[PDB]
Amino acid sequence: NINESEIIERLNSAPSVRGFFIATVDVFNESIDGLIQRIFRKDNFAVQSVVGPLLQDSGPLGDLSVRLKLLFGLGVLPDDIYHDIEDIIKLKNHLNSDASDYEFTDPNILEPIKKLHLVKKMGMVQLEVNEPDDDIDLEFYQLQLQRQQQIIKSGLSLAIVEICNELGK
């Protein structure tokens, strides 16, 4: 349970969508930084004297996105993982450029998340929406809509958790 419950606890904690996505790229960031470090000899102080700078923020390999391209290019990440992470990073940036807030139930969020290889792998679960003159009562109309969101977000969180597990092997 450990590692997983930690990070998914962390994702729950995220109050908002923008909050959420920030936390997940952060999560990935740490997760591939554990990898980058497993491939550049953890140790020689001589060798870290090249590598450290290479990988610092200001360095040519400072940035998460480039760090992905490398690992992918280098035959270390699988296609499907390379794309998913990239796709999520790119989504976070969009939202972070966007003045309007969105919800996990919204087309321009939900649809991105469907395209993602890993939700295609794990399949997905969604609560049926509000329809006029269907059984749903309007006093609950709202709490139910929150509840759709928490379902979607949780599926996503499981995807993310899976992804970090692969990155860990």
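The numbering used is simple: start at 1 and walk along the sequence shown.
The PDB entry records a higher mean C-alpha B factor for 5-13 than for its counterpart among 19-27 and 5-13. Across the options 136, 70, 35, 122, the residue with the most elevated CA B-factor in the record is 122. When the CA B factors of the chain's modelled residues are split into thirds, the value for residue 43 lands in the highest one. Ranked against the other modelled residues of its chain, the C-alpha B-factor of residue 128 as given in the entry falls in the lowest third. In the deposited entry, the Cα temperature factor of residue 144 places it in the lowest third of its chain's modelled residues.
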